[PDB]
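Worth knowing before you read on, the calculation uses all heavy atoms, side chains too, and leaves out hydrogens, waters and symmetry mates. Along the sequence shown, residues carry numbers from 1. Order of appearance sets the numbers: ligands from 1, and atoms from 1 within every ligand.
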Amino acid sequence: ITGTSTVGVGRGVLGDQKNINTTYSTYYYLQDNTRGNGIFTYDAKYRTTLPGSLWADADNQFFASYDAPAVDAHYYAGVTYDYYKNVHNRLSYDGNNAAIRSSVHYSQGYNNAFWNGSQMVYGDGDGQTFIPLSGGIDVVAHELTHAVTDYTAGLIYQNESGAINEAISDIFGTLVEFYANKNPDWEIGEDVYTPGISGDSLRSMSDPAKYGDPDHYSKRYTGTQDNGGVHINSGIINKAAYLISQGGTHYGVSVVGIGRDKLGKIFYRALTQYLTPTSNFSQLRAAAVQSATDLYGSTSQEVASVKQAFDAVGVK
Ligand SMILES: [Ca+2]
Ligand SMILES: [Ca+2]
Ligand SMILES: [Ca+2]
Ligand SMILES: [Ca+2]
Ligand SMILES: [Zn+2]
């Protein structure tokens, strides 16, 4: 909508207070004009018609319980935008400042979130398995990163290309969590997963097997569920990325870590320069080797560590 940019205040899913960029025109709208062509947050009103109605609020204060998922979806979309712009010089998910749109209160008791080809969508959870999923910054960045992937490498969402697609969203969801630097970890979804159970998460990059996901290519899932295991075999790439960043010895293979920034630079370059819709795990390894070479040199520690990491998870 046309109006004047304003700054509201509210509370997110976890009860924390934050300021949000809004737009005033009779009502205050969850419309952030400070980033690209705007960040827009919508109310799906517990239904499945998308996007729903642009979030309107009478007084620019968002402290109601119903407001909280909208506050976080809006705010964390902006953090994710800031990450891609400041760290990778990428303007929104299409590289040309496309509007970022999110709907919250999707359906009833919906234990998931997703990118639907055009926007982000967040359930409220059922209160047992999940609380409203936009409360997790890694979840929000995970979903927006799907939009980045769809505009760049375009990895098909099945089998190994789909597992790379998932891992890329876990990797950058995690790097965005670290970028904002609020209780960062190498776990996925811990902030919104199982409120009654401390210290768990949906997946682990540091130890995928903690939740049954493979941490080596020999353990890869080869059936047809989960579009051929895209959320399962992502553990193999997630472990590799974790090793590149943090180092470790995994099934006897030692990796010298090179830190998060260089992980992000290598995998962003791989994603945007070398990966294709049909890339498989071995092609990811080559893309990441070439990216590290471009950035740091064929004889660098960085290239050597990329190689050790993929060796450690059995990707040749
Ligand atoms: Ca209000
Ligand atoms: Ca965390
Ligand atoms: Ca996390
Ligand atoms: Ca939990
Ligand atoms: Zn995903």
Side-chain angles (χ1 to χ4, degrees), residues 3 6-32 41-43 45 53-76 79-80 83 104-105 112-113 122 125 129-145 166-195 197-208 210-211 213 231 234-235 237-239 241-242 245-246 260 263-264:
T6 49
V7 180
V9 64
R11 271 196 293 272
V13 173
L14 277 45
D16 57 324
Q17 188 177 299
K18 57 201 67 178
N19 294 335
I20 42 174
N21 295 113
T22 59
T23 300
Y24 177 74
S25 175
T26 309
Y27 285 95
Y28 298 87
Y29 296 89
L30 290 184
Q31 171 181 321
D32 172 6
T41 299
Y42 297 74
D43 186 11
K45 315 178 179 190
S53 56
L54 187 62
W55 195 286
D57 185 275
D59 65 4
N60 211 18
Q61 302 182 45
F62 302 78
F63 296 109
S65 288
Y66 195 74
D67 299 337
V71 165
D72 279 343
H74 200 64
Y75 183 94
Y76 291 143
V79 172
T80 303
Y83 169 83
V104 305
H105 293 304
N112 218 334
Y122 303 93
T129 306
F130 282 101
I131 58 176
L133 281 87
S134 62
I137 185 167
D138 50 4
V139 176
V140 168
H142 175 111
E143 300 308 341
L144 190 50
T145 293
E166 268 302 306
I168 293 280
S169 282
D170 284 346
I171 291 165
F172 285 112
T174 288
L175 292 177
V176 166
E177 183 173 301
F178 270 100
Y179 170 83
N181 201 29
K182 201 165 72 172
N183 296 322
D185 54 54
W186 295 89
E187 316 278 285
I188 308 296
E190 66 290 342
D191 284 343
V192 295
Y193 189 58
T194 57
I197 304 170
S198 262
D200 59 344
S201 67
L202 197 50
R203 303 180 279 280
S204 175
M205 305 184 69
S206 61
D207 183 16
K210 181 176 182 167
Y211 302 109
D213 296 319
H231 297 96
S234 56
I237 305 305
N238 281 346
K239 182 72 178 181
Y242 171 81
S245 185
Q246 305 303 103
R260 290 185 305 274
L263 170 72

Exercise for review: Determine, step by step, whether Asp72 and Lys18 satisfy the salt bridge (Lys or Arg N to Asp or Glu O under 4.0 Å) criterion, reporting the C-alpha distance in whole Å, the side-chain angles of both residues, the deciding distance to 0.1 Å, and the verdict.
Suggested key: CA-CA 9 Å; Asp72 279 343; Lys18 57 201 67 178; 2.7 Å; yes
Check your understanding: With distance as the sole criterion, is a donor-acceptor pair present between the side chains of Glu166 and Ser234 under 3.5 Å?
Key -> no
Practice item. Test salt bridge (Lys or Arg N to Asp or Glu O under 4.0 Å) on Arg203 and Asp170 and set out the steps. Key: CA-CA 9 Å; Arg203 303 180 279 280; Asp170 284 346; 2.9 Å; yes
Review point. Closest approach of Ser245 and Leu263, non-hydrogen atoms and distance?
Key: CB-CD2, 4.0 Å
Check your understanding: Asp200 and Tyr211: side-chain donor and acceptor closer than 3.5 Å?
Key -> no
Exercise for review: Kindly say whether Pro69 contributes a backbone atom to a donor-acceptor pair with the side chain of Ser134 at under 3.5 angstrom?
Suggested key: yes
Check your understanding: Quick one: does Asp138's side chain have a donor or acceptor within less than 3.5 Å of a partner on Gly189's backbone?
Key -> yes
Point to revise | Taking every non-hydrogen atom, the tightest pair across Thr23 and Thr6 | key: N-OG1, 3.7 Å
Study note, to complete from the structure: So the protein N/O/S atoms within less than 3.0 Å of the Ca ion (ligand 2) come down to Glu177 OE2, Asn183 O, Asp185 OD2, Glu190 OE2
Exercise for review: Have a look around the Ca ion (ligand 1) and list protein N/O/S atoms under 3.0 Å, or say none.
Suggested key: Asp57 OD1, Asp57 OD2, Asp59 OD1, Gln61 O
Practice item. Can you see which heavy atom on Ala113 is nearest to which on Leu133, and at what distance? Key: N-CD2, 4.0 Å
